[PDB]
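In terms of this note's numbering, the first sequence has 187 at position 60, counting the first letter as 1, and numbering is strictly consecutive. Where is the CB? At the ideal position from N, CA and C, for every residue including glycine. Beneath this line is the structure, given in C-alpha cells, with notes to follow.
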Amino acid sequence: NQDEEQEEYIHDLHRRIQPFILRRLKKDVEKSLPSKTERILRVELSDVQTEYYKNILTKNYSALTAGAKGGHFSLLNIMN
DNA sequence: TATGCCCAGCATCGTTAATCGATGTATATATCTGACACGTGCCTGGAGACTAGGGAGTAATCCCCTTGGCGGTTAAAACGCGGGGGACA
Numbered sequence: 128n129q130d131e132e133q134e135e136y137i138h139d140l141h142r143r144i145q146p147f148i149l150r151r152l153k154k155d156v157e158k159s160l161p162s163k164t165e166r167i168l169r170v171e172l173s174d175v176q177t178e179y180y181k182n183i184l185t186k187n188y189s190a191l192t193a194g195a196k197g198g199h200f201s202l203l204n205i206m207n
C-alpha cells in the first residue's frame, strides 16, 4: 500500500502468508511435454460493422429498427 | 145557365247589377321587452414600487443501491388425455 512502507508491508505479508501457501512453477514433467505458444490477432472493422459500432452508441438507427428493445439493451450495448 | 173566349194578377224560373261584409295583402306608425354600452358614484382588491431575506439554484463530492453476469438445483409451467358436470338452449 504505502509507497515507502511497502517493504514494511511485505515484511509482514511474505513472512506470514507463505506457510499456508504453496508456489511452484511447471519446471517439472514439462520437459517431455511438447511446447506452449499463443498469438494475438489485430482485426480491423468491416462494412455492416461500423454501422453498428457507430449508430449504436446513439439512438438514431438503433431506434428505427428494433426501437422498442433499444431501451433495455442501451447500457448493455455500451460497456458490457 | 153552362161553355168557351177577352182582360188583369201574383208566383214560378232564370239572369244582371249594386251593396254590406268577410278574406287576403301590403305599408308606414305606435307599443313591448330585453337589453348591451356609457356615465354616474364609490371600495379597494389589485397594481405599482421598493426592500429584505431565505429558498432554491448550482456546483462538487460520496457511496449506496440498483443492475448484471453467471450457473444448480428443483419447483414450476406446460401438455396432454379423459371424462364428467356445468353451460346453454
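Does DSSP put residue i in a helix, in a strand, or in coil?
| i | result |
| --- | --- |
| residue 136 | helix |
| residue 155 | coil |
| residue 188 | coil |
| residue 181 | helix |
Would you mind stating whether residue i and residue j have Cβ atoms separated by less than 8 Å?
| i | j | result |
| --- | --- | --- |
| residue 181 | residue 197 | no |
| residue 136 | residue 145 | no |
| residue 204 | residue 183 | yes |
Closer than 7 Å by C-beta to residue i: which residues in its own chain qualify, once you throw out the five before and the five after it? Chain order, please.
| i | result |
| --- | --- |
| residue 189 | 182, 183 and 197 |
Quick one: residues in its chain with C-beta nearer than 6 Å to the C-beta of residue i, no 5 flanking neighbours on either side, listed in chain order?
| i | result |
| --- | --- |
| residue 158 | none |
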